[PDB]
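Trainee: One structure is given below, represented as structure tokens, and several questions about it will come after.
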Amino acid sequence: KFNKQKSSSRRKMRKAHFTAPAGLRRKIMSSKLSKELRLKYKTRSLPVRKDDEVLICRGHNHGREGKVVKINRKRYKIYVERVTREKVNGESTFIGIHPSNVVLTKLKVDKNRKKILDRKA
Amino acid sequence: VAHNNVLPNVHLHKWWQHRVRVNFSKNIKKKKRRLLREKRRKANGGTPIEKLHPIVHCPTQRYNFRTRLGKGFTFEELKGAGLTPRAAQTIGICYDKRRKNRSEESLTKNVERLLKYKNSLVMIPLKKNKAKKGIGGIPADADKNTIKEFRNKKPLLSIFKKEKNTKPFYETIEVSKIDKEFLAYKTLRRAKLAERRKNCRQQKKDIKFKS
Amino acid sequence: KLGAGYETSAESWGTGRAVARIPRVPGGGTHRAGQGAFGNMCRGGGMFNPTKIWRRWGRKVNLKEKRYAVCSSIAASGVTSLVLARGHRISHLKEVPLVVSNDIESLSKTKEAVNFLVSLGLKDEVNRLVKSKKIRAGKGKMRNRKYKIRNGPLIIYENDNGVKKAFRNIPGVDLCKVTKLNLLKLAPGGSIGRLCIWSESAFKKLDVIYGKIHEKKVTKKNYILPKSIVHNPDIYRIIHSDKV
Amino acid sequence: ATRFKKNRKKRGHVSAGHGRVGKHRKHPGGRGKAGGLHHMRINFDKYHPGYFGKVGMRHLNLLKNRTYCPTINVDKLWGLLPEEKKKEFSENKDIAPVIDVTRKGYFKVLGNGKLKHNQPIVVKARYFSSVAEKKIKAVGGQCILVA
RNA sequence: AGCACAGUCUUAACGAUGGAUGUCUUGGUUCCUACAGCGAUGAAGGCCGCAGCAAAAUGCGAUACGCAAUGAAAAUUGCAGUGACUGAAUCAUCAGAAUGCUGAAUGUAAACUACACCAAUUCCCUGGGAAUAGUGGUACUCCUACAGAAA
RNA sequence: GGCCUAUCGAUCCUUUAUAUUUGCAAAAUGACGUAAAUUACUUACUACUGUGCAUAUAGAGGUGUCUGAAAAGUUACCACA
RNA sequence: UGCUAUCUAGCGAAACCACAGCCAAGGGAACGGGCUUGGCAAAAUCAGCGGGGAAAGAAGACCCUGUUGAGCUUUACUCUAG
RNA sequence: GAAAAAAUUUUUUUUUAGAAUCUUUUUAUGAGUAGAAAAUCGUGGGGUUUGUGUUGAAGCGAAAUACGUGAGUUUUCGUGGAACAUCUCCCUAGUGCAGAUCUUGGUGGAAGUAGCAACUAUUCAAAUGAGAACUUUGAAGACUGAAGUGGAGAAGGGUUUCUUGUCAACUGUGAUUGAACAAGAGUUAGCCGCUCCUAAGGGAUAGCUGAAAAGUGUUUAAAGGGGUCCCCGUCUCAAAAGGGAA
RNA sequence: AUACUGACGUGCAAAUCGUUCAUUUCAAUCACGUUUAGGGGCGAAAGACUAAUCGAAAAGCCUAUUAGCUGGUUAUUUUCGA
RNA sequence: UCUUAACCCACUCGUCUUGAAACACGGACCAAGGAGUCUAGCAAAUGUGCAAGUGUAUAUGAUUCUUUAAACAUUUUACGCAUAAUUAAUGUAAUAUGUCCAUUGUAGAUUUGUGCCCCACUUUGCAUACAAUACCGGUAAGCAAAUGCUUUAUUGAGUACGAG
RNA sequence: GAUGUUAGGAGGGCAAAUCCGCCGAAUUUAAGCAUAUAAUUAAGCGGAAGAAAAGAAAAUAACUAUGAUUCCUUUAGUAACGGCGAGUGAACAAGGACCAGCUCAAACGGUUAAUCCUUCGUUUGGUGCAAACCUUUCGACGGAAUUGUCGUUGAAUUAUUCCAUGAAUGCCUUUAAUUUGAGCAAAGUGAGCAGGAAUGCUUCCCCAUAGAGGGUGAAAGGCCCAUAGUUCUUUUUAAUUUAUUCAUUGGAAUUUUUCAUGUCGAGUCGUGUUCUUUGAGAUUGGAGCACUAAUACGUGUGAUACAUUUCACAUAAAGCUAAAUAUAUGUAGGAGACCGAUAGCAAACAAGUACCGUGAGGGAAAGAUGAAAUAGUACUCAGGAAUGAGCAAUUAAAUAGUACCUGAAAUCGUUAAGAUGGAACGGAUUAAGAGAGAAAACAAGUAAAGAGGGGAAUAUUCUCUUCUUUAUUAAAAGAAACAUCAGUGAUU
């Protein structure tokens with residue numbers, strides 16, 4: 001609002017949204033943390049990582065929990081183990097889920113994650 | 001041209017379309033000027049950046065009554081003040097080198113204005129805590145308690161602006177102290193008429209003096 | 001754009017070969033070639049009159065007129081019937097101008113402000129403001145004019161302690177300093193009779209500003225308020241009268 | 001502006017108020033003021049008579065401030081004085097008001113109007129009319145030539 | 001399992017055809033604010049290259065879609081292929097290193113990979129040993145200094 | 001002015017007339033006139049003040065395509081509206 | 001006589017086109033395919049043809065006009081290189 | 001400020017106007033190009049007001065016992081799938097089309113027509129393939145007729161070459177063909193050319209002019225070679241047919 | 001490139017094709033390279049030619065040149081109306 | 001509502017032209033785009049604010065800082081235009097001063113009275129029109145010892161209780 | 001003056017929106033045209049910068065005078081210039097923005113050039129990881145220059161008062177601004193309904209110093225990034241805080257008193273003349289040429305040629321200088337009462353491209369499936385193949401299948417209905433067909449039993465209500481028709 005440094009246009013925000021560097025991609029691949037965990041870490045939302053365990057809260061796939069398979073940064077879609085779908089030829093792939101639609105249960109711990117948690121708390 | 005319409009006086013026959021300019025920067029330019037001077041003053045410790053002019057006469061028949069801010073005090077007024085040119089540069093008074101200080105009344109008024117400023121002025125120590133009597137008719141170095149106390153207060157910068165003049169000028173005079181004698185219209189015409197006779201006489205006076 | 005609709009060279013091969021006498025684009029294999037070059041009827045032809053910054057966008061709005069508009073709008077804001085006509089939900093309000101104590105000026109939070117509006121009786125007005133968040137249609141959207149909201153209270157304040165920060169970020173509610181009143185805020189869409197909420201500080205300062213106590217810096221320099229042409233607008237009472 | 005225009009009244013009308021027979025074309029007598037005396041002589045003679053010719057000597061650099069002339073009539077001379085002050089002068093036979101017209105911005109006092117009879121006033125100015133002078137003497141006032 | 005008239009024109013219904021209309025919009029547009037020169041220490045421009053599979057604008061320059069370094073920092077992925085559990089895989093920053101041939105272009109040339117001349121040259125090792133026909137310099141004008149000649 | 005109804009010409013320009021009327025931009029050019037004064041930049045008082053140029057007013061010098069361009073031919077080589 | 005035309009199979013345009021498309025006379029912008037009155041007038045076509053469409057084309061090259069030109073010439077005006 | 005009807009005085013049913021560019025009433029009037037005025041209606045955007053949205057709006061086609069003298073407005077069904085109004089008031093404008101040999105884009109009638117007419121001619125059989133007048137093989141018939149539809153080379157083009165595939169479009173017929181498309185392959189020099197030399201020529205140095213840009217080119221020079229410090233000297237590019245080792 | 005004012009004249013072609021005819025040892029023809037550039041060149045003279053361009057080439061600009069002249073100039077009702 | 005019928009009537013629209021159904025010109029067709037505008041200065045109109053003033057110019061100022069690129073403010077002889085005309089021009093310049101009443105007529109809006117209200121007299125008498133005087137600047141003429149004068153002529157966009 | 005591939009250096013060229021120079025037109029206007037006009041504009045050739053140039057009086061005034069430059073408001077559409085026609089046209093003052101001064105040069109200093117530079121070196125500081133920069137005095141050895149560098153700004157002389165100076169010890173404290181990158185950053189992914197799936201609708205919660213913006217399977221303050229708010233770290237520049245002793249050398253300013261009264265830019269000014277230019281007018285500026293000066297009590301100015309004389313003001317012919325001010329190009333932000341794919345930049349895109357031109361040059365057409373193709377047409381059958389169809393199949397949706405959104409009109413196809421003797425359509429008025437409709441275009445109330453809803457009395461008793469349903473009495477409304485009037489005709 002008050003700052004005149006950054007544009008309030010639709011146009012700049014969209015271009016920034018599409019041309020993202022990796023840290024920005026990581027920011028907009030964050031998900032909301034579980035309620036006791038939010039109290040524990042003092043943190044609303046966290047960037048997704050490989051072995052995280054999420055619960056789906058939106059779409060036809062809502063109420064399903066599960067581990068994250070692969071994250072697709074380019075299409076901004078995470079893949080989870082029990083959201084399979086067969087394709088036109090019957091090949092099974094995982095449904096890609098935008099990270100807005102999932103709440104994170106058990107985050108994966110690692111050295112980088114520890115540093116992030118230390119930074120946050 | 002047709003009907004009751006006045007003859008035009010426009011000059012748009014030349015290629016004016018690349019010789020035209022429209023001001024859309026005005027209020028922001030004004031803001032920028034304000035910002036620039038404010039920043040400058042603050043950088044100078046908040047000390048005045050204002051320039052104190054001599055009072056000088058506006059010229060010719062039309063404006064001779066009026067008086068305005070002039071270019072600079074110059075040597076005779078500075079000498080009457082007891083201030084050096086170097087001091088005049090050092091302090092906030094305006095500087096010059098070729099404005100003559102003219103008549104007595106104007107000089108006397110401007111030395112009084114200089115004296116008013118000179119009395120007004122307080123000067124911060126040059127090196128801080130190594131106080132001296134110093135040069136140029138500039139004040140001797142201020143003490144630490146006073147200068148700090150003064151720093152907390154507003155500067156008094158009223159004298160920089162032009163002064164006002166007599167508000168009513170409707171004054172009384174008793175009937176028996178005035179007279180009906182005068183012939184002003186006659187006096188004017190005669191004065192212009194007798195100019196030639198005097199000019200000739202004065203030229204002869206000037207020749208005699210020069211001899 | 002200055003050169004737009006005119007940069008191309010232009011040519012005329014159609015006169016003596018039965019094609020209309022507007023200029024045509026020269027060249028061969030390009031499919032611009034032989035097409036109508038420019039002129040306001042043409043593809044690529046630009047404006048009939050090119051817009052320029054020469055245009056008289058602004059106006060001189062005169063000092064006495066400006067003052068009169070502010071004073072008269074404030075007087076109009078006064079009138080209870082006009083407030084309701086302007087669409088303010090006036091029903092539970094308890095005075096004709098809405099005047100609150102000095103103690104208003106220190107209020108500190110959006111909730112406290114909402115509580116105060118509810119306490120005044122403007123809950124329904126606050127409901128209309130919340131409702132009035134709607135998308136503005138057409139090309140405005142592409143030019144970042146996304147929502148339109150309606151206009152409720154105008155808060156007139158002297159002291160800067162809380163109200164300024166508190167009534168900031170309240171949808172549809174406006175703030176103004178007593179000296180620096182704004183006709184654009186007092187009468188949106190040129191509509192007389194906006195709901196005005198005053199501090200006692202503000203109300204008293206207003207009286208000083210436009211003449212009272214003769215305060216040298218606060219007063220507007222030798223300003224005199226206008227007087228009505230009609231002394232009393234109750235014409236029907238004149239008609240009713242015995243002499244009449 | 002655009003929505004009230006004459007073009008909006010005449011929008012589908014061909015020549016559209018400029019003459020179907022005429023078939024409207026720009027400056028058809030020639031440019032600007034140019035047809036004056038030649039083709040527009042009748043207009044210029046009837047509406048701007050003294051336009052053509054050369055009259056008088058020349059003064060190469062005029063310098064208008066040299067000959068500057070701010071006037072007042074005697075009629076408005078008393079008007080430079082406030083009402084209550086004027087009442088005091090009316091009351092008190094023994095005194096007259098001095099008026100510095102130059103300090104109020106004027107150099108010449110002219111003779112239009114009335115001075116109230118039996119009521120002295122002192123008028124200070126650079127220039128006075130013969131009539132103004134006569135009135136000031138007549139009413140028992142004084143005139144002051146002043147620079 | 002029969003029965004229709006044809007052709008032409010018109011009407012309604014349903015389609016083809018066509019790309020208008022409507023809806024968008026990482027683009028334009030004008031204004032205001034802000035900083036604002038590169039080059040023989042070889043710029044701009046132009047070629048010629050360079051991707052594992054690679055043609056292109058893009059990107060980079062024989063170390064070539066990046067090298068080093070810093071800050072982020074676990075993936076990458078059309079296929080193949082390359083890593084993690086934090087100087088590796090990925091970005092961004094980018095100061096170090098590197099920057100073919102040209103081009104003012106400057107050894108003589110120029111529809112030329114044509115042609116001079118002077119230095120032969122480089123690396124490794126701790127004051128010596130090995131490699132390579134390779135690499136530089138040498139334009140025109142000016143200036144200061146020096147030189148040996150000419151008052 | 002011609003017994004009446006005809007016998008004639010803008011602006012700019014030039015030219016000669018005319019004036020107790022004017023100007024040439026800080027000033028002056030009769031005349032140191034008339035008085036006094038006499039150390040001198042003295043002091044009053046005066047309708048009539050150099051050459052040249054500019055005005056102002058009044059005529060005249062001309063525009064006969066006569067309510068006023070300083071303007072010869074030519075195109076079967078021709079072009080355009 | 002050849003080659004075409006013709007007919008089939010195949011591929012496959014354009015100029016042109018206010019709406020059109022039988023006459024006669026009349027009046028009319030004074031020579032009508034449509035108008036008024038008369039003659040009349042009955043699908044669909046194939047092959048030709050040149051009476052008409054004041055047929056198609058190119059903003060009358062002719063002529064006249066423009067205070068648009070351009071070219072050229074002279075003892076036209078005004079200059080000017082030499 | 002009370003009129004009527006229905007019931008069974010009382011119950012029930014309808015109505016009951018006061019907004020000045022306004023309402024009631026009366027009489028007169030009603031042509032129209034060029035032209036002037038007023039009242040309207042619509043489009044883009046803005047403020048304002050109070051609404052409409054995916055229990056499908058706008059948009060679009062077809063309509064409606066619809067309303068308006070009219071422009072239009074309103075609405076239904078069908079399609080459609082996201083944003084739409086303001087007549088409450090008022091500002092603003094790239095604001096209203098049938099036409100301009102209009103601009104731009106698409107499309108017809110003309111029309112399965114004009115046409116595919118230079119250059120004497122093909123036939124039979126077989127093979128391939130889905131399919132053969134015009135592919136391939138053979139047999140015939142013919143023609144070009146050494147100023148050749150034959151060989152070579154220059155300009156110019158530039159992988160068009162060649163093998164191996166091949167048939168969406170192209171190859172103005174057909175097409176399995178192809179100079180189209182796809183994947184590869186391929187041009188080897190001491191001696192052949194260029195490259196070298198000078199010419200007609202061109203560009204400069206030396207000068208000199210010209211504000212410079214340029215115009216000139218040994219022409220008022222302290223300049224590349226041979227010699228035991230001496231004797232000579234404007235340079236440079238310019239021929240793929242002149243000169244020129246093999 | 002003389003004639004058939006041949007064929008062709010929405011071409012094979014924005015000048016072709018057929019037949020006829022002129023030229024053929026010199027003021028010959030051909031190539032390549034070269035020179036001379038726009039009010040300029042060059043011309044066995046026709047105002048010829050100077051890249052489908054010429055009584056003044058092509059390119060770009062002054063320029064949206066100018067045009068008393070040609071064409072076009074956009075919803076509705078009502079009123080006065082030449 | 002659509003649809004044919006049938007009786008009666010019904011000439012290609014636009015266009016320039018006195019005159020087009022034309023043997024006058026443009027138009028094969030459909031869709032989209034497609035032409036009195038903008039700036040400067042001026043005028044009258046009407047609204048609005050103020051009035052012998054008016055505008056606030058450049059600019060300053062602020063407890064003004066998403067929208068604020070506007071809005072708000074301006075510590076008593078700045079300037080534009082209007083408050084005076086005349087005129088080549090030095091220049092000159094508006095009742096005439098015995099009176100704070102304040103030019104002369106004729107119509108003329110408005111008011112008192114008489115004989116609810118139109119009335120019929122009288123009564124008072126703006127705007128405005130038609131005139132008239134005055135008086136000022138120019139110009140004559142007459143005078144002129146310069147405080148230039150003088151009845152009379154003429155002339156200005158004049159002036160005779162300010163309107164911008 | 002030559003010569004040097006001697007040793008060290010510099011220039012060249014490019015880019016151009018604004019800037020500075022030159023050189024330098026015409027279309028156009030006058031309704032013609034010649035002077036004037038376009039215009040000291042365009043093009044040409046040069047030079048610069050983040051601004052440039054201009055600038056410290058050979059100035060303006062005639063006042064009670066002002067006093068470097070630039071800019072604005074203004075004077076002013078005025079003085080003035082002009083076939084005095086068309087047309088052109090300043091400056092000074094005033095109000096302001098903003099303001100900054102100076103040095104060569106003569107003159108002065110000779111018991112000594114007190115100067116300058118290169119090369120060689122050498123040390124008192126300070127950063128940085130490292131590269132490396134930054135201060136710092138001291139000596140050489142070369143040169144240069146007296147045909148003039150350096151110092152001095154009249155000359156001494158008095159008193160006053162400051163500044164440079166060097167050493168020791170002391171001391172670098174605290175904040176305030178200012179400005180970067182950085183971070184942290186409020187509440188729900190709660191019912192229920194319909195939905196392909198909410199960010200919808202409800203309904204129960206809330207948070208806001210964040211209800212700006214963007215993304216997120218339909219409109220989100222509470223889904224995410226962001227935002228408001230803050231915590232630091234970064235830039236510099238203010239305040240505050242602290243200095244104390246001991247030491248030489250040097251300079252400067254006033255102030256007395258004497259004494260020195262010197263000085264001030266030449267083929268330049270000026271004048272003539274010519275051509276140009278302007279406001280310049282019997283010549284404003286420039287330029288060519290001719291003639292060619294005076295020295296400070298001079299000579300340059302005071303807008304009409306001149307002579308003769310005043311008076312005021314200035315100090316040419318050498319030089320530099322920040323600021324306000326301008327900026328259509330490059331880059332970076334921020335914008336909008338702008339355009340919405342025939343528009344907007346020629347370019348929403350693999351466009352300054354393709355393509356065309358001998359070349360200089362000229363120069364396009366060209367966006368959108370869906371929420372998700374990590375949902376992009378599997379499978380079967382008939383086909384030589386293309387393709388087609390499917391009981392098969394993704395999707396919420398395939399007359400949604402990548403020439404994919406919506407999909408108008410022209411155009412053309414299928415079916416049905418009508419019409420059809422040299423046009424076609426129309427107007428006015430009926431007709432027959434073919435469609436559509438019940439909203440005025442009939443039926444209030446009453447009784448019976450279903451579905452809902454309300455109000456009162458002190459969570460539920462009383463009571464009021466509307467729709468479906470069975471049938472049961474009204475009635476009104478229009479169209480006809482006749483009669484009756486009143487108005488207006490015609491008839492006998």
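In the structure tokens, the first chain shown is A, the next is B, and so on; residue numbers restart at 1 for each chain, and ligands run from 1 in the order shown.
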List the neighbours of stretch 99-102 of chain E out to 12 Å using only C-alpha atoms (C1' of nucleotides); skip same-chain residues closer than 3 positions along the sequence, and give me the result as a list in words.
Mentor: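 Here the answer would be residues 42, 45, 46, 47, 48, 49, 50, 60, 61, 62, 63, 64, 67, 105 and 113 of chain E.
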Trainee: Filtering to C-alpha atoms (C1' of nucleotides), could you give me those residues as a PDB file, in the first residue's frame?
Mentor:
```
ATOM      1  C1'   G E  42      40.731  -2.019 -29.387  1.00  0.00           C
ATOM      2  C1'   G E  45      28.647  -2.652 -35.888  1.00  0.00           C
ATOM      3  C1'   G E  46      29.642  -7.412 -38.742  1.00  0.00           C
ATOM      4  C1'   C E  47      31.113 -12.264 -39.486  1.00  0.00           C
ATOM      5  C1'   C E  48      32.490 -17.073 -37.925  1.00  0.00           C
ATOM      6  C1'   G E  49      31.813 -20.639 -34.177  1.00  0.00           C
ATOM      7  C1'   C E  50      30.043 -22.947 -29.591  1.00  0.00           C
ATOM      8  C1'   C E  60      27.769 -17.483 -24.704  1.00  0.00           C
ATOM      9  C1'   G E  61      33.155 -16.780 -27.355  1.00  0.00           C
ATOM     10  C1'   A E  62      37.975 -22.022 -28.854  1.00  0.00           C
ATOM     11  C1'   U E  63      37.703 -23.039 -20.874  1.00  0.00           C
ATOM     12  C1'   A E  64      31.926 -21.252 -25.832  1.00  0.00           C
ATOM     13  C1'   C E  67      34.169 -20.989 -15.920  1.00  0.00           C
ATOM     14  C1'   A E 105      40.961  -0.867 -37.296  1.00  0.00           C
ATOM     15  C1'   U E 113      41.840 -16.382 -45.200  1.00  0.00           C
TER      16        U E 113
END
```
Trainee: Output as a compact mmCIF listing (two decimals) with C-alpha atoms, in the first residue's frame the set of chain C residues within 10 Å of chain H, with distances taken over only C-alpha atoms (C1' of nucleotides).
Mentor:
```txt
# COMPACT_ATOMS: atom_id res chain seq x y z
CA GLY C 14 -4.21 3.69 -58.96
CA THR C 15 -4.99 6.85 -60.98
CA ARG C 17 -5.60 2.02 -63.54
CA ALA C 18 -9.04 2.38 -61.85
CA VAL C 19 -8.30 2.24 -58.10
CA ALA C 20 -9.50 4.87 -55.55
CA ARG C 21 -7.34 7.98 -55.03
CA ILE C 22 -6.25 7.59 -51.38
CA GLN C 35 -2.80 -1.38 -49.55
CA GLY C 36 -4.25 1.99 -48.38
CA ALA C 37 -1.47 3.85 -46.58
CA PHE C 38 -3.01 6.31 -44.11
CA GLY C 39 -5.92 8.66 -43.50
CA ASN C 40 -8.54 8.12 -40.82
CA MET C 41 -10.56 5.59 -42.83
CA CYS C 42 -7.50 3.28 -43.30
CA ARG C 43 -6.08 0.27 -41.46
CA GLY C 44 -2.93 1.80 -39.88
CA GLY C 45 -4.38 5.24 -40.70
CA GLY C 46 -4.33 6.76 -37.16
CA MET C 47 -6.55 9.47 -35.61
CA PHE C 48 -8.41 12.09 -37.70
CA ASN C 49 -7.12 14.64 -35.21
CA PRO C 50 -4.07 13.28 -33.33
CA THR C 51 -4.40 13.87 -29.55
CA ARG C 86 -27.67 11.24 0.21
CA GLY C 87 -28.27 7.62 1.34
CA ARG C 128 -23.99 -1.13 3.55
CA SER C 132 -20.73 -2.18 -1.37
CA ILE C 135 -16.19 -5.18 -9.12
CA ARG C 136 -16.27 -2.10 -11.38
CA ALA C 137 -17.09 -3.36 -14.91
CA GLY C 138 -15.48 -2.82 -18.39
CA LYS C 139 -11.94 -1.68 -19.28
CA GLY C 140 -11.36 -0.09 -15.80
CA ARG C 150 -19.48 3.59 -1.49
CA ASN C 151 -18.97 6.53 0.86
CA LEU C 184 -14.02 16.25 -2.88
CA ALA C 187 -19.42 15.99 -1.44
CA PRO C 188 -18.57 12.82 -3.49
CA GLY C 189 -19.96 12.86 -7.07
CA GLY C 190 -20.84 16.50 -6.30
CA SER C 191 -23.50 15.16 -3.92
```
Trainee: Name all residues at most 9 Å from residue D:25 (count only C-alpha atoms (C1' of nucleotides); drop same-chain ones fewer than 3 positions away) and give them as a ChimeraX atom specification.
Mentor: /D:22,28 /I:68
Trainee: Write out as JSON lines a residue-level contact list of chain A versus chain K with cut-off 7 Å: for each qualifying residue the closest pair of atoms and the distance in Å to one decimal, counting only C-alpha atoms (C1' of nucleotides), rows sorted by chain and residue number upward.
Mentor:
```
{"residue": "A:1", "atom": "CA", "partner": "K:212", "partner_atom": "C1'", "distance": 4.2}
{"residue": "A:4", "atom": "CA", "partner": "K:334", "partner_atom": "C1'", "distance": 6.9}
{"residue": "A:7", "atom": "CA", "partner": "K:334", "partner_atom": "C1'", "distance": 6.7}
{"residue": "A:8", "atom": "CA", "partner": "K:213", "partner_atom": "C1'", "distance": 5.1}
{"residue": "A:9", "atom": "CA", "partner": "K:213", "partner_atom": "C1'", "distance": 6.8}
{"residue": "A:10", "atom": "CA", "partner": "K:214", "partner_atom": "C1'", "distance": 6.5}
{"residue": "A:13", "atom": "CA", "partner": "K:214", "partner_atom": "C1'", "distance": 5.2}
{"residue": "A:14", "atom": "CA", "partner": "K:214", "partner_atom": "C1'", "distance": 6.5}
{"residue": "A:27", "atom": "CA", "partner": "K:225", "partner_atom": "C1'", "distance": 6.4}
{"residue": "A:28", "atom": "CA", "partner": "K:225", "partner_atom": "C1'", "distance": 5.4}
{"residue": "A:30", "atom": "CA", "partner": "K:224", "partner_atom": "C1'", "distance": 6.6}
{"residue": "A:31", "atom": "CA", "partner": "K:224", "partner_atom": "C1'", "distance": 6.8}
{"residue": "A:57", "atom": "CA", "partner": "K:189", "partner_atom": "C1'", "distance": 6.6}
{"residue": "A:59", "atom": "CA", "partner": "K:197", "partner_atom": "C1'", "distance": 5.0}
{"residue": "A:60", "atom": "CA", "partner": "K:197", "partner_atom": "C1'", "distance": 6.4}
{"residue": "A:87", "atom": "CA", "partner": "K:375", "partner_atom": "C1'", "distance": 5.9}
{"residue": "A:88", "atom": "CA", "partner": "K:378", "partner_atom": "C1'", "distance": 5.6}
{"residue": "A:89", "atom": "CA", "partner": "K:378", "partner_atom": "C1'", "distance": 4.3}
{"residue": "A:93", "atom": "CA", "partner": "K:374", "partner_atom": "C1'", "distance": 5.2}
{"residue": "A:94", "atom": "CA", "partner": "K:374", "partner_atom": "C1'", "distance": 5.6}
{"residue": "A:95", "atom": "CA", "partner": "K:374", "partner_atom": "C1'", "distance": 6.0}
{"residue": "A:96", "atom": "CA", "partner": "K:374", "partner_atom": "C1'", "distance": 6.4}
{"residue": "A:100", "atom": "CA", "partner": "K:223", "partner_atom": "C1'", "distance": 5.1}
{"residue": "A:101", "atom": "CA", "partner": "K:223", "partner_atom": "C1'", "distance": 6.8}
```
Trainee: Kindly provide, as a VMD selection string, the residues of chain K having any atom no farther than 7 Å from an atom of chain C, counting only C-alpha atoms (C1' of nucleotides).
Mentor: chain K and resid 208 to 209 211 342 355 to 356 362 to 364
Trainee: Do me a favour and pick out the residues of chain I within 9 Å of chain D, using only C-alpha atoms (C1' of nucleotides), as a list in words.
Mentor: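 Applying the cut-off to the listed atoms yields residues 68, 72, 73, 74 and 75 of chain I.
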Trainee: Which residues of chain C come within 10 Å of chain B, and what is each one's closest atom pair and distance in Å (one decimal), counting only C-alpha atoms, sorted by chain and residue number, as JSON lines?
Mentor:
```
{"residue": "C:53", "atom": "CA", "partner": "B:22", "partner_atom": "CA", "distance": 7.4}
{"residue": "C:54", "atom": "CA", "partner": "B:22", "partner_atom": "CA", "distance": 7.2}
{"residue": "C:55", "atom": "CA", "partner": "B:22", "partner_atom": "CA", "distance": 9.7}
```
Trainee: Output the contact residues of chain D with respect to chain J at a cut-off of 8 Å, based on only C-alpha atoms (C1' of nucleotides), as a PyMOL selection string.
Mentor: chain D and resi 7+55-57+103-105+110-113+116-117+129+135+138-139
Trainee: Quick one: everything within 12 Å of residue G:3, counting only C-alpha atoms (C1' of nucleotides), minus sequence neighbours fewer than 3 positions away in the same chain. Send it as a ChimeraX atom specification.
Mentor: /H:117-118,120
Trainee: Near residue B:146, within 12 Å and counting only C-alpha atoms (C1' of nucleotides), which residues show up once chain neighbours fewer than 6 positions away are dropped, as JSON, numbers by chain?
Mentor: {"B": [122, 123, 124, 125, 152, 153]}
Trainee: Taking the chain letters and numbering used in this document, name the residues of stretch 28-119 of chain C that DSSP puts in alpha helix (DSSP H), as a PyMOL selection string.
Mentor: chain C and resi 63-78+80-85+110-119
Trainee: Determine, counting only C-alpha atoms (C1' of nucleotides), which protein, DNA and RNA residues have an atom within 12 Å of an atom of stretch 45-62 of chain I; residues of the same chain fewer than 5 positions away are not included. Present the result as a PyMOL selection string.
Mentor: (chain C and resi 7-10) or (chain F and resi 75+77-79) or (chain G and resi 70-72) or (chain I and resi 14-15+36-40) or (chain K and resi 25-28+38+41-43+357-362)
